[PDB]
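This is the structure in structure tokens:
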């Protein structure tokens with residue numbers, strides 16, 4: 001394993017801070033919780049601190068800390084994310100909603116003292132004002148998915164490509180194509196993995212005593228494929 005892996009052997013508090021602008025609809029989200037990478041386990045609560053979230057919460061799940072994935076011992080030389088810690092990594096995505104707009108996101112994931120922090124900027128353009136996203140037509144749930152990871156040695160990082168299918172309230176599906184790049188922030192060596200994937204399962208819920216717009220998320224992420 002990497003030196004950074006040692007930072008994740010116990011429960012680590014997590015902070016997420018997102019500033020977004022989708023078709024000019026601005027919003028911010030704050031999340032708090034903890035991760036226990038030994039179990040690939042994340043428990044987080046996200047709050048829209050600016051009022052109503054102008055997109056569906058499920059569309060932000062992939063943007064809202069892959070360093071908490073459980074890498075099987077036989078695969079730990081393939082865990083880029085922890086290997087970049089504590090200096091961190093920059094995750095860049097384009098998320099293309101079929102027949103609608105796209106998000107572009109830039110996230111910096113790094114330790115601030117003992118807290119793993121994910122700071123994100125999200126920009127969404129070319130959405131339909133009464134499409135599935137800005138019209139809030141997506142169910143509040145989330146299917147299991149695989150994230151396929153490949154090295155990008157020339158960039159000293161990794162890439163991923165994957166499809167998320169959000170459930171539309173009419174029974175159909177809203178595809179969100181994801182293209183992702185992750186690059187280290189610091190200078191230290193990182194682990195550049197062989198091809199593999201992350202298997203993710205996510206449960207979305209609500210805090211019955213919370214009046215703000217929010218999402219409670221229980222998520223498990225486990226590496227596989229090698």
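Numbering (the entry's author numbering), first residue to last: 1 to 64, 68 to 229.
Positions of the beta carbon are idealized from the N, C-alpha and C atoms, including for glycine.
- By the Cβ neighbour-count rule, residue 9 is exposed, with fewer than 16 other Cβ atoms within 10 Å of its own.
- Here DSSP, grouped into helix, strand and coil, assigns residue 132 to coil.
- Residue 197 carries a coil assignment under DSSP once its states are collapsed to helix, strand and coil.
- A residue is called buried when at least 16 other Cβ atoms come within 10 angstroms of its Cβ; residue 54 meets this threshold and is buried.
- When C-alpha distances from residue 139 are compared across 4, 118, 169, the shortest belongs to 169.
- By the Cβ-count criterion, residue 106 is buried, with 16 or more other Cβ atoms from all chains shown falling within 10 Å of its own Cβ.
- By the criterion of a C-beta distance shorter than 8 Å, residue 63 is surrounded in its chain by 18, 96, 98, 106, 108, 110, 123, 125, once the five residues flanking it on both sides are discounted.
- As computed with DSSP, residue 184 is found in a beta bridge with 95, 162.
- Three or more pairs of CB atoms, one per stretch, sit closer than 8 Å, so the segment 157-176 contacts the segment 141-148.
- Per DSSP, the beta-bridge partners of residue 168 are 178.
- Ranking 71, 83, 197, 135 by CA distance to the CA of residue 225 puts 71 first.
- In the three-state scheme derived from DSSP, where H, G and I count as helix and E and B as strand, residue 88 is classed as coil.
- The residues 58, 169, 170, 171, 172, in chain order, have a CB closer than 8 Å to that of residue 142 in the same chain once the five nearest residues on each side in sequence are set aside.
- Here the alpha carbons of residue 37 and residue 133 stand approximately 39 Å from one another.
- Between residue 104 and residue 83, the gap from beta carbon to beta carbon reaches 8 Å or more.
- At the C-beta level, residue 193 and residue 87 come within 8 Å of one another.
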